[PDB]
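Take a look at this single chain, the form deposited in one PDB entry, given in structure tokens.
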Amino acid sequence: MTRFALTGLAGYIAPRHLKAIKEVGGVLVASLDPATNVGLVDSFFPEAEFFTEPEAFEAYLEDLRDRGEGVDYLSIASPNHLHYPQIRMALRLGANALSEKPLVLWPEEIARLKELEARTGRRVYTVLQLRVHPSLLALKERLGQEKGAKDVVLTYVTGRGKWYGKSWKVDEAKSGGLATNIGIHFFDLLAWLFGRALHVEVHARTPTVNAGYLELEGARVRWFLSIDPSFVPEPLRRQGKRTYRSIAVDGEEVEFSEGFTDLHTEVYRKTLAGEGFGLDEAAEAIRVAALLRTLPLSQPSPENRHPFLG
């Protein structure tokens, strides 16, 4: 049984990690979370230890290591800014890391972790589940058959109620900003499908809307991201729908369904089989997100302006 510890046990995404650890036959040995509604853990791993203090959690896994029972993986589902130091914890404990996205917030942290992987003999992986979504895998094989850059329009609107503005997720120093926190997976999907960003522009940057343009090696991309559910197109909004994804590639919609229940598990599966997404796979989206977070706004040309920008 591969042996896991987990951070962020009380959070929204952690149950998918409990399910994944179970479904690959792993065992959860310990969890860390300063918050304590975590009792769902009893249904999966009735024996797991639990800590509220990071140093106590670390001291415990270090004793496990020192007496031959260390965890193989620290799975990390804490707020975004804690990814890097908790990955650093995984490696100093002689463990591999399996971190929620964004893997870390800064290109400079990716580099530092490259070095520590070397000197530590351990590896850093990340959960990028769009990469295992069967429609998007299908999209990538097709594109492999095609010549020429694609023109892409990417839209993602994901309504959040009021609690969202009271959470770490809108605190730029913890979340990296809207584009990072609700965008990272789409910029990662774009890098995966279309390669490196030669040019990056940001055209709107407010508390509820980020929008802009990328020129990547394989695509020109106009993109729009929002947490305000009224950018949902009116035919779906009159239905009380709260979200809307759409990637169109050369005017054609890319149909990937919501229905998928298993993608965290598939990621965990790939990772254990030595096919996981490492620092090299993750880095380009992080680099773009860091630029998006820090670049001054620019005025878009008409070719370059997302349609929702008007």
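Superpose the two forms; the largest set of C-alphas matching within 1.5 Å is the rigid core. Numbers for residues come from their place in the sequence shown, where the first is 1.
Note that the form deposited in another entry isn't included here; everything after this is about it.
Summarising the superposition on the core between the shown form and the other one, the listed residues 53, 47, 250, 63 contain exactly one with a Cα shift of 2 Å or larger, 250.
Annotation: Cα of residue 274 displaced by less than 2 Å between the shown form and the other one, core superposition.
A movement of the C-alpha atom of residue 199 falling short of 2 angstroms is seen between the shown form and the other one when the two forms are aligned on their rigid core. Relative to the superposed core, residue 239 undergoes a Cα shift of 2 Å or more between the shown form and the other one.
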